[PDB]
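structure.csv follows; it contains CSV, C-alpha atoms and all ligand atoms.
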chain,number,residue,atom,x,y,z
L,1,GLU,CA,119.5,127.5,134.6
L,2,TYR,CA,119.4,123.7,133.6
L,3,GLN,CA,115.7,123.2,133.3
L,4,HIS,CA,115.5,126.2,130.9
L,5,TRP,CA,117.8,124.5,128.6
L,6,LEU,CA,115.9,121.3,128.9
L,7,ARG,CA,112.5,122.6,127.8
L,8,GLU,CA,114.3,124.4,124.9
L,9,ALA,CA,114.8,120.8,123.7
L,10,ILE,CA,111.4,119.3,124.9
L,11,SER,CA,109.5,121.5,122.4
L,12,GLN,CA,111.6,119.7,119.7
L,13,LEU,CA,111.2,116.0,120.5
L,14,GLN,CA,107.6,116.8,121.1
L,15,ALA,CA,106.2,114.3,118.5
L,16,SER,CA,109.1,111.9,117.7
L,17,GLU,CA,109.2,109.9,120.9
L,18,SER,CA,107.8,110.9,124.4
L,19,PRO,CA,110.1,113.9,125.2
L,20,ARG,CA,111.5,114.8,128.6
L,21,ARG,CA,113.5,111.7,129.6
L,22,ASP,CA,115.2,111.9,126.3
L,23,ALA,CA,116.6,115.3,127.1
L,24,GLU,CA,117.3,114.5,130.7
L,25,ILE,CA,119.4,111.4,130.1
L,26,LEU,CA,120.5,113.1,126.9
L,27,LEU,CA,121.9,115.9,129.0
L,28,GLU,CA,122.4,113.7,132.0
L,29,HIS,CA,125.6,112.5,130.3
L,30,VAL,CA,127.0,116.0,129.2
L,31,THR,CA,128.2,117.7,132.4
L,32,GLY,CA,126.0,114.8,133.2
L,33,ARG,CA,125.9,114.2,137.0
L,34,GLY,CA,122.9,112.2,138.1
L,35,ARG,CA,119.2,112.5,137.2
L,36,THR,CA,118.2,113.1,140.9
L,37,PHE,CA,120.6,116.0,140.8
L,38,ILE,CA,119.2,117.6,137.7
L,39,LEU,CA,115.8,117.2,139.3
L,40,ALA,CA,117.1,118.6,142.6
L,41,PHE,CA,119.0,121.3,140.8
L,42,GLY,CA,118.2,121.8,137.2
L,43,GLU,CA,119.2,125.2,138.7
L,44,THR,CA,122.9,125.1,137.8
L,45,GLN,CA,123.9,125.9,134.1
L,46,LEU,CA,126.2,124.3,131.4
L,47,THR,CA,129.3,125.4,129.4
L,48,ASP,CA,128.4,126.7,125.8
L,49,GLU,CA,130.0,124.1,123.5
L,50,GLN,CA,129.0,121.8,126.4
L,51,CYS,CA,125.5,123.0,125.5
L,52,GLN,CA,125.7,123.5,121.7
L,53,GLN,CA,126.8,119.8,121.3
L,54,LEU,CA,123.5,118.9,122.8
L,55,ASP,CA,121.7,121.5,120.7
L,56,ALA,CA,123.1,119.3,117.9
L,57,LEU,CA,122.5,115.9,119.3
L,58,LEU,CA,118.9,117.0,119.2
L,59,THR,CA,118.3,117.0,115.4
L,60,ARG,CA,120.0,113.6,115.4
L,61,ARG,CA,117.4,112.2,117.8
L,62,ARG,CA,114.8,114.5,116.2
L,63,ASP,CA,114.7,112.7,112.8
L,64,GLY,CA,114.7,109.6,114.9
L,65,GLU,CA,118.2,108.3,115.8
L,66,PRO,CA,118.0,106.2,119.0
L,67,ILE,CA,118.9,108.0,122.2
L,68,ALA,CA,120.8,105.0,123.3
L,69,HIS,CA,122.8,105.3,120.1
L,70,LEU,CA,123.7,108.9,120.8
L,71,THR,CA,124.5,108.0,124.4
L,72,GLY,CA,126.3,104.9,123.4
L,73,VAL,CA,125.3,103.0,126.4
L,74,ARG,CA,122.2,101.5,128.0
L,75,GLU,CA,121.0,100.6,131.5
L,76,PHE,CA,119.8,97.2,130.8
L,77,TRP,CA,117.3,96.5,133.3
L,78,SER,CA,120.1,96.7,135.7
L,79,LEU,CA,123.5,97.4,134.3
L,80,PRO,CA,125.4,99.9,132.1
L,81,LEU,CA,125.8,98.2,128.7
L,82,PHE,CA,127.8,99.9,126.1
L,83,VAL,CA,126.0,99.6,122.7
L,84,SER,CA,126.7,99.8,118.9
L,85,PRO,CA,124.4,99.7,116.0
L,86,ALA,CA,125.3,96.2,115.0
L,87,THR,CA,123.1,94.3,117.7
L,88,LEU,CA,119.8,95.1,119.5
L,89,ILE,CA,119.2,97.9,122.0
L,90,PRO,CA,118.4,96.0,125.2
L,91,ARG,CA,114.7,96.3,125.7
L,92,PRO,CA,113.2,96.0,129.2
L,93,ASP,CA,110.5,93.6,128.1
L,94,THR,CA,113.3,91.2,128.3
L,95,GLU,CA,112.2,90.9,132.0
L,96,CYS,CA,110.3,87.7,131.6
L,97,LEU,CA,113.4,86.2,130.0
L,98,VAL,CA,115.7,87.1,132.8
L,99,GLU,CA,113.2,86.8,135.6
L,100,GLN,CA,112.0,83.3,134.7
L,101,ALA,CA,115.5,82.2,133.9
L,102,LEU,CA,116.5,83.1,137.4
L,103,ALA,CA,113.2,81.8,138.9
L,104,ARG,CA,114.6,78.6,137.5
L,105,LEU,CA,118.4,78.9,138.0
L,106,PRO,CA,118.3,78.4,141.8
L,107,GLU,CA,117.0,75.1,140.8
L,108,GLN,CA,120.0,74.7,138.4
L,109,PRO,CA,123.1,77.2,138.0
L,110,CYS,CA,126.2,75.6,136.3
L,111,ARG,CA,126.6,75.6,132.4
L,112,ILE,CA,124.2,78.0,130.7
L,113,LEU,CA,124.2,79.4,127.1
L,114,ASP,CA,122.9,82.8,126.0
L,115,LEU,CA,122.0,82.3,122.3
L,116,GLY,CA,122.5,85.3,120.0
L,117,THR,CA,123.9,87.1,123.0
L,118,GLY,CA,124.1,90.4,121.1
L,119,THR,CA,125.6,92.4,123.7
L,120,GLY,CA,125.8,90.3,126.6
L,121,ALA,CA,122.5,91.7,128.0
L,122,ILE,CA,121.0,88.5,129.4
L,123,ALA,CA,124.2,86.4,129.6
L,124,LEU,CA,125.6,89.2,131.6
L,125,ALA,CA,122.7,90.0,133.9
L,126,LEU,CA,122.7,86.3,134.5
L,127,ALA,CA,126.3,85.6,135.2
L,128,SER,CA,126.7,88.3,137.8
L,129,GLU,CA,124.0,87.1,140.0
L,130,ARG,CA,125.2,83.6,139.3
L,131,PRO,CA,129.0,83.0,139.3
L,132,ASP,CA,128.2,79.6,140.6
L,133,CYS,CA,127.5,78.9,137.0
L,134,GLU,CA,129.1,79.8,133.7
L,135,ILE,CA,127.6,81.8,130.8
L,136,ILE,CA,128.1,81.4,127.1
L,137,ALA,CA,127.4,84.1,124.5
L,138,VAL,CA,127.6,83.7,120.8
L,139,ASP,CA,126.7,85.7,117.7
L,140,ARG,CA,127.1,85.6,113.9
L,141,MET,CA,128.1,89.3,113.5
L,142,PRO,CA,131.6,90.3,114.6
L,143,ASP,CA,130.7,93.6,116.1
L,144,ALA,CA,128.2,92.2,118.6
L,145,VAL,CA,130.8,89.5,119.3
L,146,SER,CA,133.3,92.2,120.6
L,147,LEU,CA,130.5,94.5,121.8
L,148,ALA,CA,129.6,91.8,124.3
L,149,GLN,CA,133.2,91.1,125.0
L,150,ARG,CA,133.6,94.8,125.8
L,151,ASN,CA,130.7,95.2,128.3
L,152,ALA,CA,131.7,91.9,129.7
L,153,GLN,CA,135.0,93.6,130.6
L,154,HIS,CA,133.6,96.9,131.9
L,155,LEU,CA,131.7,95.5,134.9
L,156,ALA,CA,134.4,92.9,134.8
L,157,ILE,CA,132.6,89.6,135.0
L,158,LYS,CA,133.8,86.0,135.2
L,159,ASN,CA,133.8,82.7,133.2
L,160,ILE,CA,131.6,83.7,130.3
L,161,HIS,CA,132.8,83.2,126.8
L,162,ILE,CA,131.4,84.9,123.7
L,163,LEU,CA,131.8,83.5,120.2
L,164,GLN,CA,131.5,83.7,116.5
L,165,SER,CA,129.4,81.0,114.9
L,166,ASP,CA,126.0,80.1,113.7
L,167,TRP,CA,123.8,79.2,116.8
L,168,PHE,CA,125.1,75.7,117.5
L,169,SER,CA,127.7,76.0,114.7
L,170,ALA,CA,130.8,76.1,116.7
L,171,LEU,CA,129.1,74.1,119.6
L,172,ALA,CA,129.6,70.6,120.9
L,173,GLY,CA,129.6,71.0,124.6
L,174,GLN,CA,125.9,71.0,125.1
L,175,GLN,CA,125.8,69.7,128.7
L,176,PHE,CA,123.7,72.8,129.4
L,177,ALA,CA,120.7,72.4,131.6
L,178,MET,CA,119.6,75.8,130.6
L,179,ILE,CA,119.8,77.6,127.3
L,180,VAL,CA,118.3,81.1,126.9
L,181,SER,CA,117.7,83.2,123.9
L,182,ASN,CA,116.1,86.3,122.4
L,183,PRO,CA,116.5,85.7,118.7
L,184,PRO,CA,115.2,87.7,115.7
L,185,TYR,CA,111.5,87.2,115.5
L,186,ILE,CA,110.2,89.8,113.0
L,187,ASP,CA,108.3,89.2,109.8
L,188,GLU,CA,110.3,90.3,106.7
L,189,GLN,CA,107.2,92.3,105.7
L,190,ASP,CA,106.1,93.6,109.0
L,191,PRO,CA,105.1,97.3,109.0
L,192,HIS,CA,106.5,97.7,112.5
L,193,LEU,CA,110.0,97.3,111.0
L,194,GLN,CA,108.9,100.7,109.7
L,195,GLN,CA,108.1,102.5,112.9
L,196,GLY,CA,110.4,104.6,115.1
L,197,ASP,CA,113.5,103.3,116.7
L,198,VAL,CA,113.3,100.1,114.5
L,199,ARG,CA,114.0,101.8,111.3
L,200,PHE,CA,117.5,102.1,112.8
L,201,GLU,CA,118.6,98.7,114.1
L,202,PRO,CA,120.1,95.9,111.9
L,203,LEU,CA,117.9,93.8,109.7
L,204,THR,CA,120.0,91.0,111.1
L,205,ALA,CA,119.3,91.7,114.7
L,206,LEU,CA,115.7,91.9,113.7
L,207,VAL,CA,114.7,89.6,110.8
L,208,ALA,CA,113.8,86.0,111.0
L,209,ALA,CA,112.9,83.9,107.8
L,210,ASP,CA,109.5,81.8,107.8
L,211,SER,CA,107.2,84.3,109.2
L,212,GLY,CA,109.7,85.4,111.8
L,213,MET,CA,109.5,81.9,113.1
L,214,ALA,CA,112.5,80.4,111.2
L,215,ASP,CA,115.3,81.0,113.7
L,216,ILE,CA,113.0,80.4,116.7
L,217,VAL,CA,111.9,77.0,115.5
L,218,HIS,CA,115.5,76.3,114.5
L,219,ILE,CA,117.0,76.9,117.8
L,220,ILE,CA,114.2,74.9,119.5
L,221,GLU,CA,114.9,71.9,117.3
L,222,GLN,CA,118.6,72.3,117.0
L,223,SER,CA,119.1,73.5,120.6
L,224,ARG,CA,117.0,70.8,122.2
L,225,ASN,CA,118.9,68.0,120.6
L,226,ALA,CA,121.6,69.1,123.2
L,227,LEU,CA,120.2,66.5,125.6
L,228,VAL,CA,119.9,68.9,128.6
L,229,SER,CA,117.6,66.6,130.5
L,230,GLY,CA,115.1,68.5,132.6
L,231,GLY,CA,117.1,71.5,131.4
L,232,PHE,CA,115.2,74.5,130.0
L,233,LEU,CA,115.1,76.4,126.7
L,234,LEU,CA,113.7,79.9,127.3
L,235,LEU,CA,112.9,82.1,124.4
L,236,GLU,CA,111.7,85.7,123.8
L,237,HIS,CA,109.3,86.3,120.9
L,238,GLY,CA,106.9,88.8,119.6
L,239,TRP,CA,103.5,89.0,121.3
L,240,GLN,CA,101.8,87.3,118.4
L,241,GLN,CA,104.1,84.3,118.2
L,242,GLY,CA,103.0,82.7,121.4
L,243,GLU,CA,100.7,79.9,120.0
L,244,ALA,CA,103.1,79.3,117.1
L,245,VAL,CA,106.1,79.2,119.4
L,246,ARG,CA,104.1,77.2,121.9
L,247,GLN,CA,103.2,74.5,119.3
L,248,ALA,CA,106.7,74.7,118.0
L,249,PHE,CA,108.2,73.4,121.2
L,250,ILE,CA,105.8,70.5,121.4
L,251,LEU,CA,106.3,69.2,117.9
L,252,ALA,CA,109.9,69.5,118.7
L,253,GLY,CA,110.2,68.9,122.5
L,254,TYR,CA,109.2,67.0,125.7
L,255,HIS,CA,108.2,68.7,129.1
L,256,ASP,CA,105.2,71.0,129.8
L,257,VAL,CA,105.5,74.1,127.7
L,258,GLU,CA,104.7,77.5,129.2
L,259,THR,CA,103.9,80.9,127.7
L,260,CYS,CA,104.6,83.5,130.4
L,261,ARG,CA,103.7,87.2,130.0
L,262,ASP,CA,106.2,90.0,129.9
L,263,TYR,CA,104.8,93.3,131.2
L,264,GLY,CA,101.5,94.5,130.0
L,265,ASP,CA,100.8,93.2,126.5
L,266,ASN,CA,101.6,89.8,126.4
L,267,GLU,CA,103.3,86.7,126.2
L,268,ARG,CA,106.9,87.5,125.6
L,269,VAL,CA,108.6,84.2,126.6
L,270,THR,CA,107.9,80.5,126.1
L,271,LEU,CA,109.7,77.6,127.7
L,272,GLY,CA,109.7,73.9,128.3
L,273,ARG,CA,112.3,71.1,129.1
L,274,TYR,CA,113.6,67.7,127.9
L,301,LIG,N1,122.4,82.6,113.0
L,301,LIG,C1,122.8,83.2,114.1
L,301,LIG,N2,123.6,82.5,114.9
L,301,LIG,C2,124.1,83.1,116.1
L,301,LIG,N3,123.7,84.3,116.6
L,301,LIG,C3,122.9,84.9,115.8
L,301,LIG,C4,122.4,84.4,114.6
L,301,LIG,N4,121.5,85.4,114.0
L,301,LIG,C5,121.5,86.3,114.8
L,301,LIG,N5,122.3,86.1,115.9
L,301,LIG,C6,122.5,87.1,117.0
L,301,LIG,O1,121.4,87.0,117.9
L,301,LIG,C7,120.8,88.4,118.1
L,301,LIG,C8,119.4,88.3,118.5
L,301,LIG,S1,119.0,90.1,118.7
L,301,LIG,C9,119.0,90.2,120.5
L,301,LIG,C10,120.4,89.9,121.0
L,301,LIG,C11,120.4,89.6,122.5
L,301,LIG,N6,119.9,88.2,122.7
L,301,LIG,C12,119.5,90.6,123.3
L,301,LIG,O2,118.4,90.2,123.9
L,301,LIG,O3,119.7,91.9,122.9
L,301,LIG,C13,121.1,89.0,116.8
L,301,LIG,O4,121.1,90.4,116.9
L,301,LIG,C14,122.6,88.5,116.5
L,301,LIG,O5,123.5,89.3,117.2
Once you've parsed the file, please lay out its structure as structure tokens.
Amino acid sequence: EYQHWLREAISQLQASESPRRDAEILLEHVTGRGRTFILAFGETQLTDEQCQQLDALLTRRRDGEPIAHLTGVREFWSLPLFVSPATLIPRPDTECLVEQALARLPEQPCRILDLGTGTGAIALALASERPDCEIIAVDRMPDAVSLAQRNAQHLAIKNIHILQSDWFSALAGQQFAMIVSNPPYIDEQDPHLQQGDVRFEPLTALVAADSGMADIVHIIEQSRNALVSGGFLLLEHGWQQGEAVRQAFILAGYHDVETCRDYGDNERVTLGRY
């Protein structure tokens, strides 16, 4: 049956990450039907190579290779987003960012900018709900550039342009009332750069300069000069960069600054306007 095969795997991934879902989605793509199916019928078998291949994808994920990598796609909170080791694997915690962005977009749609887009994750989850407005993605690493461009085309969305330039580098059309961004915010020396899934993502996609504050601070200052007037700059940052990021805005910006929590652990987004 199916299940049988699954547990053959479960015993494997036992310590690496937390097992079952891995296999499920990992085999949910193979003859890969639905997950509700597999649950309903993990009765039904699979072709041999069909199976072996998985038997092999296992070791890959065993050492530690990201599942998403192996699958090559990721359900961002809502959508199918094709991925490629050159950008970040769209984390959920980027809930705050997209939820507050929206909790503030009804107030103001048109002309928005997703900084360091990466894959199109936010820009994309943003533009779909909001075609009334336009979305702009940018990145300084060619792969992510196209990687966004790709996903952008799959779900086939409208009026969003991705680009290759340093943050504001190629930008002059700042009449954005809303800029959003999940930049690199990790300490060059952080030991978490050493744990699990992160040993596999780009230093670029992850590393910030000062203390992990360099790019944050820099888009704040640089990005706010845009003159967005009442417009917002929303940013994602590690749990422990709240106060710093908080302060950051102030020394740099104008309106009430707010640090809103993500899911459980903490503050994961900080915003304020001009
Ligand atoms: N100096 C720079 N100028 C523009 N984009 C940059 C940049 N440095 C990094 N970036 C892009 O911004 C990304 C932040 S990682 C997260 C990407 C995306 N915002 C998402 O939430 O997944 C980096 O991976 C890189 O693709």
For ligand LIG 301 (chain L), collect every residue having any atom at a distance of at most 9 Å from a ligand atom (counting all atoms listed in the file); output as a PDB file with C-alpha atoms, in the coordinates of the input.
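File written: part.pdb
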ATOM      1  CA  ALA L  86     125.300  96.200 115.000  1.00  0.00           C
ATOM      2  CA  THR L  87     123.100  94.300 117.700  1.00  0.00           C
ATOM      3  CA  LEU L  88     119.800  95.100 119.500  1.00  0.00           C
ATOM      4  CA  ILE L  89     119.200  97.900 122.000  1.00  0.00           C
ATOM      5  CA  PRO L  90     118.400  96.000 125.200  1.00  0.00           C
ATOM      6  CA  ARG L  91     114.700  96.300 125.700  1.00  0.00           C
ATOM      7  CA  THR L  94     113.300  91.200 128.300  1.00  0.00           C
ATOM      8  CA  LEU L  97     113.400  86.200 130.000  1.00  0.00           C
ATOM      9  CA  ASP L 114     122.900  82.800 126.000  1.00  0.00           C
ATOM     10  CA  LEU L 115     122.000  82.300 122.300  1.00  0.00           C
ATOM     11  CA  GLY L 116     122.500  85.300 120.000  1.00  0.00           C
ATOM     12  CA  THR L 117     123.900  87.100 123.000  1.00  0.00           C
ATOM     13  CA  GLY L 118     124.100  90.400 121.100  1.00  0.00           C
ATOM     14  CA  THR L 119     125.600  92.400 123.700  1.00  0.00           C
ATOM     15  CA  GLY L 120     125.800  90.300 126.600  1.00  0.00           C
ATOM     16  CA  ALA L 121     122.500  91.700 128.000  1.00  0.00           C
ATOM     17  CA  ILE L 122     121.000  88.500 129.400  1.00  0.00           C
ATOM     18  CA  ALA L 123     124.200  86.400 129.600  1.00  0.00           C
ATOM     19  CA  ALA L 137     127.400  84.100 124.500  1.00  0.00           C
ATOM     20  CA  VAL L 138     127.600  83.700 120.800  1.00  0.00           C
ATOM     21  CA  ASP L 139     126.700  85.700 117.700  1.00  0.00           C
ATOM     22  CA  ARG L 140     127.100  85.600 113.900  1.00  0.00           C
ATOM     23  CA  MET L 141     128.100  89.300 113.500  1.00  0.00           C
ATOM     24  CA  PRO L 142     131.600  90.300 114.600  1.00  0.00           C
ATOM     25  CA  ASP L 143     130.700  93.600 116.100  1.00  0.00           C
ATOM     26  CA  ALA L 144     128.200  92.200 118.600  1.00  0.00           C
ATOM     27  CA  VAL L 145     130.800  89.500 119.300  1.00  0.00           C
ATOM     28  CA  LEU L 163     131.800  83.500 120.200  1.00  0.00           C
ATOM     29  CA  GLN L 164     131.500  83.700 116.500  1.00  0.00           C
ATOM     30  CA  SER L 165     129.400  81.000 114.900  1.00  0.00           C
ATOM     31  CA  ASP L 166     126.000  80.100 113.700  1.00  0.00           C
ATOM     32  CA  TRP L 167     123.800  79.200 116.800  1.00  0.00           C
ATOM     33  CA  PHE L 168     125.100  75.700 117.500  1.00  0.00           C
ATOM     34  CA  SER L 169     127.700  76.000 114.700  1.00  0.00           C
ATOM     35  CA  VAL L 180     118.300  81.100 126.900  1.00  0.00           C
ATOM     36  CA  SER L 181     117.700  83.200 123.900  1.00  0.00           C
ATOM     37  CA  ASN L 182     116.100  86.300 122.400  1.00  0.00           C
ATOM     38  CA  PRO L 183     116.500  85.700 118.700  1.00  0.00           C
ATOM     39  CA  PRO L 184     115.200  87.700 115.700  1.00  0.00           C
ATOM     40  CA  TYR L 185     111.500  87.200 115.500  1.00  0.00           C
ATOM     41  CA  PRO L 202     120.100  95.900 111.900  1.00  0.00           C
ATOM     42  CA  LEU L 203     117.900  93.800 109.700  1.00  0.00           C
ATOM     43  CA  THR L 204     120.000  91.000 111.100  1.00  0.00           C
ATOM     44  CA  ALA L 205     119.300  91.700 114.700  1.00  0.00           C
ATOM     45  CA  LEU L 206     115.700  91.900 113.700  1.00  0.00           C
ATOM     46  CA  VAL L 207     114.700  89.600 110.800  1.00  0.00           C
ATOM     47  CA  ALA L 208     113.800  86.000 111.000  1.00  0.00           C
ATOM     48  CA  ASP L 215     115.300  81.000 113.700  1.00  0.00           C
ATOM     49  CA  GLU L 236     111.700  85.700 123.800  1.00  0.00           C
TER      50      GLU L 236
END
Next on the checklist: Applying 12 Å and only C-alpha atoms, which residues near residue L:153 remain after dropping the ones on its own chain fewer than 3 positions away? List them as a ChimeraX atom specification.
Outcome noted: /L:80-82,119-120,124,146-150,156-162
Box along x, y and z, 6 Å on every side, all listed atoms of stretch 98-117 of chain L inside: centre and edge lengths in Å to one decimal, as lines of an AutoDock Vina configuration file.
center_x = 119.3
center_y = 80.9
center_z = 130.9
size_x = 26.6
size_y = 24.4
size_z = 33.8
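Picture a line from atom CA of residue L:211 to atom CA of residue L:246; it runs 14.9 Å.
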Checklist outcome for this item: note - atom CA of residue L:255 and atom CA of residue L:231 are separated by 9.6 Å
Next on the checklist: Ranking L:67, L:38, L:26, L:234 by minimum distance to residue L:101 and counting only C-alpha atoms, which one comes first?
Outcome noted: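 With only C-alpha atoms as the atom set, the closest residue is L:234.
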Item to check | Residue list as a PyMOL selection string for point (110.6, 80.0, 130.4), cut-off 7 Å, all atoms listed in the file | outcome: chain L and resi 97+100-101+233-235+258+260+269-272
Please complete stretch 12-26 of chain L with N, CA and C atoms and give it back as a PDB file, in the coordinates of the input.
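rebuild13.pdb, freshly written:
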ATOM      1  N   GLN L  12     111.070 120.340 120.964  1.00  0.00           N
ATOM      2  CA  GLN L  12     111.600 119.700 119.700  1.00  0.00           C
ATOM      3  C   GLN L  12     111.145 118.311 119.490  1.00  0.00           C
ATOM      4  N   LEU L  13     111.531 117.444 120.430  1.00  0.00           N
ATOM      5  CA  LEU L  13     111.200 116.000 120.500  1.00  0.00           C
ATOM      6  C   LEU L  13     109.785 115.792 120.745  1.00  0.00           C
ATOM      7  N   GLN L  14     108.992 116.867 120.780  1.00  0.00           N
ATOM      8  CA  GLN L  14     107.600 116.800 121.100  1.00  0.00           C
ATOM      9  C   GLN L  14     106.991 115.547 120.350  1.00  0.00           C
ATOM     10  N   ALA L  15     106.946 115.452 119.037  1.00  0.00           N
ATOM     11  CA  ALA L  15     106.200 114.300 118.500  1.00  0.00           C
ATOM     12  C   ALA L  15     106.950 112.959 118.287  1.00  0.00           C
ATOM     13  N   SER L  16     108.242 113.046 117.999  1.00  0.00           N
ATOM     14  CA  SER L  16     109.100 111.900 117.700  1.00  0.00           C
ATOM     15  C   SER L  16     108.954 110.740 118.747  1.00  0.00           C
ATOM     16  N   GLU L  17     109.379 110.950 120.003  1.00  0.00           N
ATOM     17  CA  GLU L  17     109.200 109.900 120.900  1.00  0.00           C
ATOM     18  C   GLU L  17     108.487 110.537 122.109  1.00  0.00           C
ATOM     19  N   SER L  18     108.514 110.114 123.358  1.00  0.00           N
ATOM     20  CA  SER L  18     107.800 110.900 124.400  1.00  0.00           C
ATOM     21  C   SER L  18     108.978 111.561 125.192  1.00  0.00           C
ATOM     22  N   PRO L  19     109.021 112.940 124.915  1.00  0.00           N
ATOM     23  CA  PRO L  19     110.100 113.900 125.200  1.00  0.00           C
ATOM     24  C   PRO L  19     111.052 114.086 126.401  1.00  0.00           C
ATOM     25  N   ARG L  20     110.640 114.528 127.468  1.00  0.00           N
ATOM     26  CA  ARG L  20     111.500 114.800 128.600  1.00  0.00           C
ATOM     27  C   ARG L  20     112.715 113.874 128.972  1.00  0.00           C
ATOM     28  N   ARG L  21     112.412 112.604 129.281  1.00  0.00           N
ATOM     29  CA  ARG L  21     113.500 111.700 129.600  1.00  0.00           C
ATOM     30  C   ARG L  21     114.550 111.765 128.590  1.00  0.00           C
ATOM     31  N   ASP L  22     114.168 111.770 127.318  1.00  0.00           N
ATOM     32  CA  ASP L  22     115.200 111.900 126.300  1.00  0.00           C
ATOM     33  C   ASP L  22     116.224 112.903 126.678  1.00  0.00           C
ATOM     34  N   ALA L  23     115.792 114.163 126.714  1.00  0.00           N
ATOM     35  CA  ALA L  23     116.600 115.300 127.100  1.00  0.00           C
ATOM     36  C   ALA L  23     117.406 115.040 128.355  1.00  0.00           C
ATOM     37  N   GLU L  24     116.677 114.724 129.420  1.00  0.00           N
ATOM     38  CA  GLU L  24     117.300 114.500 130.700  1.00  0.00           C
ATOM     39  C   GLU L  24     118.518 113.580 130.605  1.00  0.00           C
ATOM     40  N   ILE L  25     118.303 112.326 130.227  1.00  0.00           N
ATOM     41  CA  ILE L  25     119.400 111.400 130.100  1.00  0.00           C
ATOM     42  C   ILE L  25     120.309 111.886 128.972  1.00  0.00           C
ATOM     43  N   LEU L  26     119.733 112.561 127.975  1.00  0.00           N
ATOM     44  CA  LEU L  26     120.500 113.100 126.900  1.00  0.00           C
ATOM     45  C   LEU L  26     121.458 114.188 127.362  1.00  0.00           C
TER      46      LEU L  26
END
